[PDB]
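Okay, so here's the structure we're looking at.
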Amino acid sequence: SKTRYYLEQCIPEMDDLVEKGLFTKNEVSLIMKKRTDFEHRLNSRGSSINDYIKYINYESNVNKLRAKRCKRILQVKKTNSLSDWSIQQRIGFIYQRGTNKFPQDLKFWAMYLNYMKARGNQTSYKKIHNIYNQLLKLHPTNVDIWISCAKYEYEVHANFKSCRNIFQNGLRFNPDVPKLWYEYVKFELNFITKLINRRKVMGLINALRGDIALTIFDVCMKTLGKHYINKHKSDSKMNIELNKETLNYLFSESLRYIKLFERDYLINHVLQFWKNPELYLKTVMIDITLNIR
Amino acid sequence: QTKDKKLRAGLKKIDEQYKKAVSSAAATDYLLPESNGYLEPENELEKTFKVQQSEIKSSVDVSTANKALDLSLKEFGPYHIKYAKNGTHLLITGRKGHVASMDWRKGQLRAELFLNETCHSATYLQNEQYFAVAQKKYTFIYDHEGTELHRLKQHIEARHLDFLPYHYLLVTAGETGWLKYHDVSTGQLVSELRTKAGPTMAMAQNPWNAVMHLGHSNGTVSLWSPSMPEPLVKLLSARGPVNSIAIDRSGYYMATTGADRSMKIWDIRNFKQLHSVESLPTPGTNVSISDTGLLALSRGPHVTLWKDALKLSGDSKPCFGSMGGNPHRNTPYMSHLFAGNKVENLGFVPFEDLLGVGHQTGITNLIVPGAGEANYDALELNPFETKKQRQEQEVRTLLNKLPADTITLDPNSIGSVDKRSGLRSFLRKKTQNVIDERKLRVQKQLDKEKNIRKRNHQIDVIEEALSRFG
Amino acid sequence: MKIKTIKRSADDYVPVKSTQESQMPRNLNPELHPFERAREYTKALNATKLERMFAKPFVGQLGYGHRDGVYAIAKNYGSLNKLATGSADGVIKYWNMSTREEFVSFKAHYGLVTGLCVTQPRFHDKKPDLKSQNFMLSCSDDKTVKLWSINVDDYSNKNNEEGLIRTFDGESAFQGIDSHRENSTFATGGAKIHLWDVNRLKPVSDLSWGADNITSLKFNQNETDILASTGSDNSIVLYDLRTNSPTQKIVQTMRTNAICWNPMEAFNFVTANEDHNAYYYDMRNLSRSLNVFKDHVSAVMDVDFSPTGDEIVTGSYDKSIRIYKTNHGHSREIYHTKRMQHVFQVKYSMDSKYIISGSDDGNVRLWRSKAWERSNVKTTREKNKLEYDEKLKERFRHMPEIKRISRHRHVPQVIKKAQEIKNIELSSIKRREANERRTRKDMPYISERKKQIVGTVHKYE
Amino acid sequence: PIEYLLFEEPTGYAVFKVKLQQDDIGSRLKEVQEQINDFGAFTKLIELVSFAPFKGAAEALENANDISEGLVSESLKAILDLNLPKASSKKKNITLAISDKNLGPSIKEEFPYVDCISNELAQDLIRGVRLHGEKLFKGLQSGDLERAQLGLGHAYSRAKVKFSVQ
Amino acid sequence: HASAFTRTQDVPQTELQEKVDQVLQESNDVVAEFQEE
C-alpha cells in the first residue's frame, strides 16, 4: 500500500541510474530489495529509531558508492542527471518521516540538524529555521537546544538582532536556568567585544556596553531568587532558612559570574549589587584582590 | 484521422493516458523483485540436453534440491499429479484407490483417501481445501480432512474433469460424449452439452479465455462455452484420436499430440497452425506448456523439454537431433528418460522451476532452470498465505466471481456498443377487434403515403391524342 | 553448463519479526492478470448494488419546526450552521443546524412572512459586531420590513440588543426580498420593487418596468449588481444596479415561481416554472433556454444551485424533491416521504453536502445530497476504494443491468400514475401534431428550448 | 476554520493543530461521534504541535488558579506567543479553539489577531483529546496524569478552603 | 506564519525586553468428414 507508493516514488531515479552506464541491473535489483526491506520495516507496527537510522546509513552508503562510481567509471564530478539530488531528497524525506513519528528523540533531531548543516550549501536558511521552529515548539524547556540554535546563528550568520530575540524567547520560557543566563551574558559580552574590536579596526584603517550585561545580571538575580523561593516555598524559621538557601544560591551564581569576568568595572557593579557574614568576608577578599589587580 | 478537432483532442487524450499507463507498467517491471533462471552450454562441445538431474541436484542449492522429490509408492497404479494454483499443495491420485493431498514442502499430509474404486483424475477446485476426484461412475467433492462432502451424481464417468477459478465453474468431460459445467459456489448444474462426435479423449482449458478445448476421436479439437449448445470453433488437428492438448498461460499457443505420431503447434488467436512436428518415433503420450513458454513432451519412457518452440520462425520448429551442430535446427533443450516407467501425466510446478511427472511407481520432480516464471503476483496467488489472508481472499473471489455466460471467444466483447360477464365480454372482444383493424388500416395508409413519397423522391401518335382520356 | 535456478529468500518473503508486515510483490504482466472487462464489470455491478443498498438520504429534521408550514428559508452565505426559516403564521426562527436547535424565535408579524434574508448591515453610526451577532431581515405581508439581531455563540471573545433593530413601514404589501451583498442594500418586491438602504427608512429607489406586481427577486452571486425578478404577468425581468434601471424583459407562458443564479458562472440562472419545468437560461441570449429540467408532475416551487455549481435541487408543489445535474436534463434522484407535503422551499446547503427542504406541514427536513457520502472522516484505503467504485460505475453506467438497478428508485403511487398519465397525454398531442405535419405544408418546427417564450422585449439579432 | 486548539493539563499546556474538520451539519451523527470515540480516527483530525510543561508544583498551582478565575498566565501567554501565526489585525484572524467562554475575552485582549471558539464542535474536539490523553503525546514525556490530578486537586482545594497546620 | 526567530508584536512584553530595548535605544477419411462438416 503506502510502501508500494514510496517504492514507486523511488523508481525513476533508479531508471536514470541504470540508463546511464554506472549501475547494472543486478545491482539495481539488490538495491531495490534492500529498499523494500527498509520501507516495510519502517511502515509496519513497532518500528524504531534503530530502523530509521539504519535506513539513513544505508542510503548514505549508496550515495557514496554512486559518487565513487561516477568519479571512476566516467570521471565526471557531477553528472547532469536526476539521481544526484534524488538521493539527498530521499534522505531528507526519511528524516522528515522519522521526526514526524518519533518527535521525542533528541538524538534523531540532532542527527537531522547536523545532516542539514553539513550539506548546508544546497539547503536553505529558511529550512533550518523551519526545523528549529518545529523542534522548539516540541521541546520548549530545553536550554541546550535554545543555546544550540542561537550559537549556530551567531557563529554562522552573526545575526545579532535575531540571536537576541532567540535568547529573549528562551529566557521567557525558562527563567529558572542559570546556565541559560550564563550563556546569554556570554553572548552579550562576545557581541560587545566584537563591536569594540570593529571600532578598533576602524580606527586602525582610519559604559552602556557593560551596562546591558549588568541589567541582565540584575534581572537574573531577581528572577532566580523568586523561582528558588517558589521551588520549596511554614513559619519564621522556615522563611529565614529558605532565605539563606536562596542567598547562598544567588551568591554562588554571582561567583560564577565573576569567574566569567572593563572587567574591573563589571566586578565593581557585581559587588555593589551584592552589598545591596562569611559571604561578606568573601566580598571583601574579592575587593582586596581586585585592588591587587 | 478525422478532420474534427474535438474528436482529435479526445482520441489523443485517451492515447496519452494509455501511454502513461503502459509506461508505469514498465516502471513496475523495474520494481520486479526477482529474475528467472537460465541454462547455457557455455561452449560448443557441451550440449544442454547432456546434463542430468543428479548433476543439477549437485550443482544447485539445498532448498531446491530438497524440493525436487522422488516418491516411490509401487503398490497402486500409475499416479496422476495436480498442483494447486498457488503452487504449494500437491494432489496425487493413483489408478486404484490412492488419493493423497499434501502440503509437500513443509511435509504434511493433509488428506489421504483409500478407495478401491478406480480413480482417474482429480483437481483442487478453489483452494487447497476442497478437491474433486473422479471415480468408476460418479464424481466426488471432498473436504480438506478427507471427508466426503458431495457425491456428484450427474457427472457420470467423468473422464477429464477440470476447474476454472474466476467463474467458480467445474467442467466434467466424460465418456458418453458429454460435458457438464457445474457451479460449485451455488452448487448447481449450470450447463449441460452433448458432444456429438464421440468420447472426448483429451481436454484442456484456455485460461486467458476460460473456454474448454476438447480433443475428440476424429482428430479434431473443439472449443466450447457454457452458453450455447454448439462448439464455438472446431479445428482439424490430427488423425486418429487426440491424445493430449496444452495451452499457454497467455492463451495464444496450443500444442496437440495425436496418436498417429503427430504433434501440432497451433496459434489459437488466429487459427493457423504454426507448424507440425511429424518426426515422432513413438506416439506422444502427454504434452504440457510451462509458464515461461517452455514445451514438455512425454512419449512414455522419455520426457523432452524444448525452449523457444512457441514462435513463428522456421527454426522454432523443434527437432530431436542436429547434424554437426546446425544452429538453424532446434535441438531439444533438456531430456530425461526413465528405466521402465510409463509416465502417466506431467505438469509444471507453478512458481518454482520443476516439472512433476507421475509414473507407474510414483512421483518425480525434475529440476529445470527456466520452467516456471520467477516472480508471481501476490494479489492473485500467494505461495505464502496465512489462514486469515487465505479465507479473506476466498471471500473476495467469491464476491467478484464472474457469471457463466460471460465465457466467450473474445474477452473484450463486453465493451461493445449498439442501438439495442358474458355480454360485456363479448362486446369488448368485438370493439377490441375493431380498434385493432383500425390501427392496421392507418398503418397501411401511412405506408402508402411513404411509398408515393419515395416515388416522388426517385422521379404512339394516337396515344398522345388520347392522353388525358384515363 | 552455467546454471542458475529460482530460489526464494524466505527471510525476504516472510519477515523475521512477528509484528512486521510481510511484503506483497506485484507483477503487472497482463498475461498474469487475465480478465479485465469481466472483473471490472462485476466490480461496477457490485458497486451499484452496494450503493442502492446503502442509499439512506434522510438524516434528520430541525427540532419541532414551525406551526403553519415553512414558506421562507434563507441560509447563511457566510457561515455554515445558521439558517432562518419563516412560517406562514408570522414567526421566524434562526436554526443552528449543528445541534439541530434554535437560537431565538421571534414572533414577528401579523400576516405571513413573505421573504427572509440573513446578513450583516454596514452601519455608519458604528461597526456592528460581525462576530457576536448575526442579522435577519424579514419581509412581511402587512407592509413591513423588520431587521433583527441574533446573539450568536460562534465566538467567545466578549462578556443586550436581542431583537428588532429597525422597522421599515411600507405602502404596498411586500412579497419578496433579497440583499445586495458586500454593500448591504436590500431590494423588496411588492407591487413595484424598491431598493432600500439599511440606514434609510424610506425606500431609496424605485425599480419598475410596468405597473404590474412582482412575486420574487434574487441577486446574482458574482458581478453582484445584477438583479432578477419574477412578476405575476408571468414575466422575468433582469434589473441592474449600477445603471439603476430595468434591463430586459422576457414574457413566458406560465408563471415562474422561483429563480436562482448559479454561483460558478455568474450569467446562468434557473427558473422554477409552473408548467412542471425548470428552465436553465443564459443571461445575454434570452431568446432561448440553455436547458430544460422535466421530471416533475406539479408546480415547481423552488430551485437552488449547489455551491459547486453543477447540481440543481428542485422542490415542487407535489410532495417530492428532485436533484438534477446541469448537463443531463433529467432527475438524478427523487426524495419523498409520507410525512412531507407540498415542499414550498428548498435550499441546497453551503458546503454542498446537504439539502434543507422546508415543506408546508410545518417541518424543515434536511437531507443528504448523495445518499452515500457519510460525514465521518475516512482512511485512505477506504477513500480510494470508494472513488474507484464511483469511477467504475461511471464508466459502465449504460449497460442494461447497471442501468436497471441504478434507475430503479421507488416513487409514490400518485406520482407514478400522474407521470404515466402525463406521458399518454404528451404522446397523443405528438401524434396529432404529426398528422398536422403530414397534411399542412408550412408549419414551423418549434424547438423544445424556444417553445415556451411568448416574447422578449429587446429583440436582438 | 478551527485551525488551532488549546488544551490545559495538570502537567502544562498543549497546543494542537487541526488538520481536517468534521462537517458541522452532521456533527450530531452516529458516525461522527463514533469516529471521535475511536482513537485511530482521531489522529486524522488532531496532531500535537507544542507542549510546554509547568516548572514546579507551585507554578502549576498558581497557573491552575488563574485558569479557574479565567485569566491568562505568563506561561500561557508565552506558549500562544510562540505558537500562533501573526496575521493581519483587521481581517483573516487566526482561529484558536478553547473550552471556556470566560477565558475567551482575555485571550482576545492579549492577542488582537486571534479569535476564540467554544462551540459544540470545539467542545467535541476537546472532549476527544481529554479522552485519548497520553496516546496523543507521541512519546513526549509527561508525568503520570492521574498522580498530577490528585496532587493538583488537593493543592487547589486546600488553597480554596485555607487549611491550617494549627 | 510566526516563528521563534523574529519578534512578533514589536513591543516589549517583559522587563528584559523593555530594559535591553531602552538601553540599545540609548546606544542607537478424416479430411473428407471435415469437408463435409
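Labels used: A, B, ... for chains in the order of the C-alpha cells, numbers from 1 for residues in each chain, and numbers from 1 for ligands as shown.
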Chain B residues near chain C (8 Å cut-off, only C-alpha atoms) as a ChimeraX atom specification: /B:25,28-29,32-33,35-42,46,48,59-60,63-64,208,249-250,352-353,368-370,374-380,384,400-402,406,411-412,414-415
Shell of 10 Å around residue 149 of chain D, only C-alpha atoms, local chain residues under 6 positions omitted, as JSON, numbers by chain: {"D": [9, 10, 11, 155]}
Chain E contacts on chain D, only C-alpha atoms, 9 Å, as a ChimeraX atom specification: /D:81-87
Export N, CA and C atoms of the chosen residues as a PDB file, in the first residue's frame?
ATOM      1  N   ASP D  81       2.196  33.029  22.259  1.00  0.00           N
ATOM      2  CA  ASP D  81       3.059  33.926  21.506  1.00  0.00           C
ATOM      3  C   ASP D  81       3.997  33.145  20.604  1.00  0.00           C
ATOM      4  N   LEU D  82       4.547  32.045  21.114  1.00  0.00           N
ATOM      5  CA  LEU D  82       5.438  31.239  20.292  1.00  0.00           C
ATOM      6  C   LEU D  82       4.671  30.509  19.195  1.00  0.00           C
ATOM      7  N   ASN D  83       3.452  30.067  19.487  1.00  0.00           N
ATOM      8  CA  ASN D  83       2.781  29.143  18.584  1.00  0.00           C
ATOM      9  C   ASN D  83       1.958  29.827  17.500  1.00  0.00           C
ATOM     10  N   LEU D  84       1.228  30.853  17.843  1.00  0.00           N
ATOM     11  CA  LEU D  84       0.228  31.307  16.893  1.00  0.00           C
ATOM     12  C   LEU D  84       0.851  32.193  15.819  1.00  0.00           C
ATOM     13  N   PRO D  85       0.424  32.041  14.569  1.00  0.00           N
ATOM     14  CA  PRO D  85       0.947  32.883  13.489  1.00  0.00           C
ATOM     15  C   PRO D  85       0.327  34.270  13.536  1.00  0.00           C
ATOM     16  N   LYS D  86       1.168  35.293  13.460  1.00  0.00           N
ATOM     17  CA  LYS D  86       0.662  36.656  13.458  1.00  0.00           C
ATOM     18  C   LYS D  86       0.127  36.996  12.074  1.00  0.00           C
ATOM     19  N   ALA D  87      -1.188  37.101  11.959  1.00  0.00           N
ATOM     20  CA  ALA D  87      -1.831  37.548  10.739  1.00  0.00           C
ATOM     21  C   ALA D  87      -2.156  39.031  10.871  1.00  0.00           C
TER      22      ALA D  87
END
Top pick for closest residue to residue 166 of chain B, considering B:54, B:209, B:186, B:118 and counting only C-alpha atoms: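 Ranked by minimum distance to residue 166 of chain B, first place goes to B:209.
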Counting only C-alpha atoms, the option among C:266, C:136, C:238, C:59 closest to chain D: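 Answer, going by the shortest atom-to-atom distance: C:59.
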Chain A contacts to chain D at 12 Å (only C-alpha atoms) as number ranges by chain: A: 98-106, 133-142, 165-166, 168-177, 226-235
Please dump the current selection as a compact mmCIF listing (two decimals), in the first residue's frame; keep N, CA and C atoms.
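Output contents, as saved in again38.txt:
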# COMPACT_ATOMS: atom_id res chain seq x y z
N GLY A 98 10.86 10.37 10.13
CA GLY A 98 11.33 9.97 11.45
C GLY A 98 10.97 10.97 12.52
N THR A 99 11.13 12.25 12.23
CA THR A 99 10.75 13.27 13.20
C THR A 99 9.26 13.52 13.24
N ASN A 100 8.50 13.02 12.27
CA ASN A 100 7.05 13.07 12.40
C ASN A 100 6.53 11.93 13.26
N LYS A 101 7.19 10.78 13.22
CA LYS A 101 6.70 9.65 14.00
C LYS A 101 7.23 9.64 15.43
N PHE A 102 8.54 9.84 15.63
CA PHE A 102 9.10 9.88 16.98
C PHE A 102 9.58 11.29 17.29
N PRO A 103 8.73 12.18 17.74
CA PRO A 103 9.17 13.56 17.94
C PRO A 103 9.76 13.79 19.31
N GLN A 104 10.17 12.72 19.98
CA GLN A 104 10.80 12.83 21.28
C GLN A 104 12.30 12.59 21.24
N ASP A 105 12.82 11.99 20.18
CA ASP A 105 14.22 11.58 20.15
C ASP A 105 15.10 12.80 19.90
N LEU A 106 15.78 13.25 20.96
CA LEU A 106 16.75 14.33 20.82
C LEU A 106 17.90 13.93 19.91
N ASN A 133 12.12 25.82 14.42
CA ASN A 133 10.82 26.21 14.95
C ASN A 133 10.01 25.00 15.36
N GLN A 134 10.04 23.94 14.56
CA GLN A 134 9.35 22.71 14.92
C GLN A 134 9.91 22.13 16.22
N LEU A 135 11.23 22.08 16.32
CA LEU A 135 11.85 21.47 17.49
C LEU A 135 11.62 22.31 18.74
N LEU A 136 11.65 23.63 18.60
CA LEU A 136 11.45 24.48 19.76
C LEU A 136 10.00 24.52 20.19
N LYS A 137 9.07 24.31 19.26
CA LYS A 137 7.68 24.12 19.67
C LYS A 137 7.52 22.83 20.45
N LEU A 138 8.21 21.77 20.03
CA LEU A 138 8.01 20.49 20.69
C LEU A 138 8.66 20.45 22.07
N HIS A 139 9.90 20.92 22.20
CA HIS A 139 10.64 20.89 23.46
C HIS A 139 11.02 22.31 23.88
N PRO A 140 10.08 23.10 24.39
CA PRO A 140 10.41 24.49 24.72
C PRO A 140 11.27 24.64 25.95
N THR A 141 11.37 23.62 26.79
CA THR A 141 12.15 23.73 28.02
C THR A 141 13.49 23.02 27.92
N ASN A 142 14.17 23.14 26.78
CA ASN A 142 15.50 22.58 26.60
C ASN A 142 16.46 23.72 26.29
N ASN A 165 16.68 38.07 19.90
CA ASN A 165 15.29 37.67 20.06
C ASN A 165 15.16 36.20 20.44
N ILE A 166 16.06 35.36 19.92
CA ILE A 166 16.10 33.95 20.30
C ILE A 166 16.34 33.83 21.79
N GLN A 168 15.79 36.11 24.05
CA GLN A 168 14.66 36.68 24.79
C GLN A 168 13.52 35.67 24.91
N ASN A 169 13.20 34.97 23.82
CA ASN A 169 12.16 33.95 23.88
C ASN A 169 12.57 32.80 24.80
N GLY A 170 13.83 32.36 24.70
CA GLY A 170 14.28 31.27 25.55
C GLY A 170 14.25 31.63 27.02
N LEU A 171 14.57 32.88 27.34
CA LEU A 171 14.51 33.31 28.73
C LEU A 171 13.08 33.55 29.19
N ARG A 172 12.18 33.88 28.27
CA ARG A 172 10.78 33.97 28.65
C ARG A 172 10.22 32.60 28.98
N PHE A 173 10.69 31.57 28.28
CA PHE A 173 10.20 30.23 28.59
C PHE A 173 10.85 29.67 29.85
N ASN A 174 12.17 29.77 29.97
CA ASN A 174 12.91 29.20 31.09
C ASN A 174 13.64 30.29 31.86
N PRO A 175 13.00 30.89 32.85
CA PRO A 175 13.73 31.78 33.75
C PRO A 175 14.58 31.04 34.77
N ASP A 176 14.28 29.77 35.03
CA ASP A 176 14.90 29.02 36.11
C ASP A 176 16.29 28.51 35.79
N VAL A 177 16.87 28.83 34.64
CA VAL A 177 18.11 28.16 34.27
C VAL A 177 19.29 29.13 34.30
N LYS A 226 13.30 34.65 43.07
CA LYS A 226 11.87 34.36 43.08
C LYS A 226 11.59 32.89 42.80
N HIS A 227 12.30 32.30 41.85
CA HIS A 227 11.95 30.95 41.47
C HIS A 227 12.55 29.91 42.41
N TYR A 228 13.68 30.19 43.04
CA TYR A 228 14.12 29.28 44.09
C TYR A 228 13.34 29.47 45.38
N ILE A 229 12.61 30.57 45.53
CA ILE A 229 11.63 30.65 46.61
C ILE A 229 10.42 29.79 46.28
N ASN A 230 9.94 29.90 45.03
CA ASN A 230 8.77 29.15 44.60
C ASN A 230 9.01 27.65 44.67
N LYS A 231 10.17 27.19 44.22
CA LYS A 231 10.57 25.81 44.49
C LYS A 231 10.88 25.69 45.98
N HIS A 232 10.06 24.91 46.69
CA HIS A 232 10.10 24.79 48.15
C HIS A 232 9.90 26.15 48.82
N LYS A 233 8.73 26.73 48.59
CA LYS A 233 8.22 27.83 49.40
C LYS A 233 8.30 27.55 50.89
N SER A 234 4.59 26.57 57.37
CA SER A 234 5.76 27.41 57.19
C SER A 234 5.73 28.58 58.16
N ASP A 235 6.82 28.75 58.90
CA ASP A 235 6.92 29.79 59.92
C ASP A 235 8.16 30.64 59.71
Close residues, segment 3-11 of chain A itself excluded, 7 Å, only C-alpha atoms, min 6 positions apart in chain, as a PyMOL selection string: (chain A and resi 39-40+43) or (chain B and resi 27+31)
Pick from A:35, A:217, A:242, A:54 nearest to chain B, counting only C-alpha atoms: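 Using only C-alpha atoms, the shortest distance to chain B belongs to A:35.
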When DSSP works through the backbone of this structure, what residues of segment 162-231 of chain B end up as strand (DSSP E or B), shown as a short mmCIF file (atom, residue, chain, number, x, y, z; two decimals) with N, CA and C atoms, in the first residue's frame?
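Ended up saving to selection38.cif:
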data_model
loop_
_atom_site.label_atom_id
_atom_site.label_comp_id
_atom_site.auth_asym_id
_atom_site.auth_seq_id
_atom_site.Cartn_x
_atom_site.Cartn_y
_atom_site.Cartn_z
N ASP B 162 -11.94 -30.74 -14.72
CA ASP B 162 -11.02 -29.61 -14.58
C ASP B 162 -11.84 -28.41 -14.11
N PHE B 163 -11.23 -27.58 -13.28
CA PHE B 163 -11.90 -26.46 -12.65
C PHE B 163 -11.35 -25.15 -13.17
N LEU B 164 -12.20 -24.13 -13.24
CA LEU B 164 -11.75 -22.81 -13.64
C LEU B 164 -12.22 -21.76 -12.64
N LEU B 169 -16.23 -22.64 -11.67
CA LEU B 169 -17.01 -23.49 -12.56
C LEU B 169 -16.24 -24.77 -12.81
N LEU B 170 -16.88 -25.91 -12.58
CA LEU B 170 -16.23 -27.21 -12.60
C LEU B 170 -16.65 -27.99 -13.84
N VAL B 171 -15.78 -28.02 -14.85
CA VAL B 171 -16.03 -28.75 -16.08
C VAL B 171 -15.78 -30.23 -15.84
N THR B 172 -16.68 -31.08 -16.33
CA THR B 172 -16.57 -32.53 -16.17
C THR B 172 -16.79 -33.22 -17.51
N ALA B 173 -15.75 -33.32 -18.34
CA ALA B 173 -15.83 -34.08 -19.58
C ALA B 173 -15.66 -35.56 -19.27
N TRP B 178 -20.12 -35.82 -23.82
CA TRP B 178 -20.95 -35.05 -22.92
C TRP B 178 -20.05 -34.14 -22.12
N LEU B 179 -20.59 -33.02 -21.65
CA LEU B 179 -19.80 -32.04 -20.94
C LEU B 179 -20.72 -31.22 -20.07
N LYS B 180 -20.43 -31.18 -18.78
CA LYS B 180 -21.32 -30.58 -17.80
C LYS B 180 -20.58 -29.52 -17.01
N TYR B 181 -20.95 -28.26 -17.22
CA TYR B 181 -20.47 -27.17 -16.39
C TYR B 181 -21.31 -27.13 -15.13
N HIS B 182 -20.65 -27.22 -13.98
CA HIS B 182 -21.33 -27.29 -12.69
C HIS B 182 -20.75 -26.24 -11.76
N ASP B 183 -21.55 -25.23 -11.43
CA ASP B 183 -21.13 -24.19 -10.49
C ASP B 183 -21.02 -24.79 -9.11
N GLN B 188 -24.83 -26.02 -8.39
CA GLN B 188 -25.91 -26.12 -9.36
C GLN B 188 -25.34 -26.40 -10.74
N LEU B 189 -25.94 -27.35 -11.45
CA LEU B 189 -25.52 -27.67 -12.80
C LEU B 189 -25.89 -26.52 -13.73
N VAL B 190 -24.90 -25.71 -14.11
CA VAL B 190 -25.19 -24.55 -14.93
C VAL B 190 -25.47 -24.95 -16.37
N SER B 191 -24.57 -25.71 -16.98
CA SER B 191 -24.75 -26.05 -18.39
C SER B 191 -24.52 -27.52 -18.63
N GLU B 192 -25.23 -28.06 -19.61
CA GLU B 192 -25.16 -29.47 -19.95
C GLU B 192 -25.20 -29.58 -21.46
N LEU B 193 -24.07 -29.94 -22.06
CA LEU B 193 -23.93 -30.01 -23.51
C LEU B 193 -23.59 -31.43 -23.90
N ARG B 194 -24.09 -31.87 -25.05
CA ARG B 194 -23.74 -33.18 -25.58
C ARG B 194 -22.74 -33.01 -26.71
N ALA B 202 -9.11 -36.00 -25.03
CA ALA B 202 -8.27 -35.06 -24.31
C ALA B 202 -9.04 -33.80 -23.98
N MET B 203 -8.53 -33.04 -23.02
CA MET B 203 -9.19 -31.79 -22.67
C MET B 203 -8.20 -30.88 -21.96
N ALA B 204 -8.26 -29.60 -22.30
CA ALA B 204 -7.55 -28.58 -21.54
C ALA B 204 -8.29 -27.26 -21.69
N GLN B 205 -8.07 -26.36 -20.75
CA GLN B 205 -8.77 -25.09 -20.77
C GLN B 205 -7.86 -23.99 -21.30
N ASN B 206 -8.43 -23.11 -22.10
CA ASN B 206 -7.76 -21.86 -22.40
C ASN B 206 -8.02 -20.97 -21.20
N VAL B 211 -12.14 -20.92 -21.81
CA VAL B 211 -13.04 -21.76 -22.60
C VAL B 211 -12.46 -23.16 -22.62
N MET B 212 -13.29 -24.13 -23.00
CA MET B 212 -12.84 -25.52 -22.93
C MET B 212 -12.43 -26.01 -24.30
N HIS B 213 -11.33 -26.75 -24.35
CA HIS B 213 -10.83 -27.39 -25.55
C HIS B 213 -10.96 -28.88 -25.34
N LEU B 214 -11.77 -29.54 -26.14
CA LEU B 214 -11.82 -30.99 -26.15
C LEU B 214 -11.08 -31.51 -27.37
N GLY B 215 -10.61 -32.74 -27.26
CA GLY B 215 -9.96 -33.39 -28.38
C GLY B 215 -10.59 -34.74 -28.60
N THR B 220 -10.04 -33.92 -34.18
CA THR B 220 -10.36 -32.51 -34.13
C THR B 220 -10.43 -32.06 -32.69
N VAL B 221 -9.93 -30.87 -32.43
CA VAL B 221 -10.21 -30.21 -31.17
C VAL B 221 -11.43 -29.33 -31.38
N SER B 222 -12.10 -29.02 -30.28
CA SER B 222 -13.34 -28.26 -30.35
C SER B 222 -13.42 -27.35 -29.14
N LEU B 223 -13.74 -26.09 -29.38
CA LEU B 223 -13.78 -25.07 -28.34
C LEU B 223 -15.22 -24.75 -28.00
N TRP B 224 -15.55 -24.91 -26.71
CA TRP B 224 -16.88 -24.83 -26.12
C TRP B 224 -16.94 -23.81 -24.99
#
Could you list, as an mmCIF file with C-alpha atoms, in the first residue's frame, the residues of chain E having an atom within 10 Å of chain B when counting only C-alpha atoms?
data_model
loop_
_atom_site.group_PDB
_atom_site.id
_atom_site.type_symbol
_atom_site.label_atom_id
_atom_site.label_comp_id
_atom_site.auth_asym_id
_atom_site.auth_seq_id
_atom_site.Cartn_x
_atom_site.Cartn_y
_atom_site.Cartn_z
ATOM 1 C CA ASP E 29 -11.392 -40.294 -44.178
ATOM 2 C CA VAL E 30 -10.935 -37.539 -41.594
ATOM 3 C CA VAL E 31 -10.377 -34.780 -44.155
ATOM 4 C CA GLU E 33 -15.545 -35.777 -42.820
ATOM 5 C CA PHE E 34 -14.183 -32.303 -42.098
ATOM 6 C CA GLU E 37 -18.945 -30.606 -41.868
#
Who sits within 7 Å of residue 373 of chain B, only C-alpha atoms, same chain under 6 positions skipped, as a PyMOL selection string: chain B and resi 36+291-292+351
Exercise answer, chain C residues close to chain A, 7 Å and only C-alpha atoms, as a ChimeraX atom specification: /C:19-21,23
Keeping only N, CA and C atoms, take the residues you just selected and write them out as a PDB file, in the first residue's frame.
ATOM      1  N   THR C  19       5.738  -8.805  14.348  1.00  0.00           N
ATOM      2  CA  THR C  19       4.943  -7.602  14.170  1.00  0.00           C
ATOM      3  C   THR C  19       5.169  -6.939  12.820  1.00  0.00           C
ATOM      4  N   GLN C  20       6.260  -7.263  12.131  1.00  0.00           N
ATOM      5  CA  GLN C  20       6.499  -6.700  10.810  1.00  0.00           C
ATOM      6  C   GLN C  20       5.509  -7.279   9.811  1.00  0.00           C
ATOM      7  N   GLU C  21       5.002  -6.430   8.926  1.00  0.00           N
ATOM      8  CA  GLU C  21       4.022  -6.854   7.939  1.00  0.00           C
ATOM      9  C   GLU C  21       4.730  -7.261   6.657  1.00  0.00           C
ATOM     10  N   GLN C  23       5.890  -8.484   2.836  1.00  0.00           N
ATOM     11  CA  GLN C  23       5.837  -7.767   1.579  1.00  0.00           C
ATOM     12  C   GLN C  23       4.891  -8.465   0.615  1.00  0.00           C
TER      13      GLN C  23
END
Atomic distance atom CA of residue 114 of chain D - atom CA of residue 122 of chain C, expressed in Å with one decimal: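 A separation of 22.8 Å between them.
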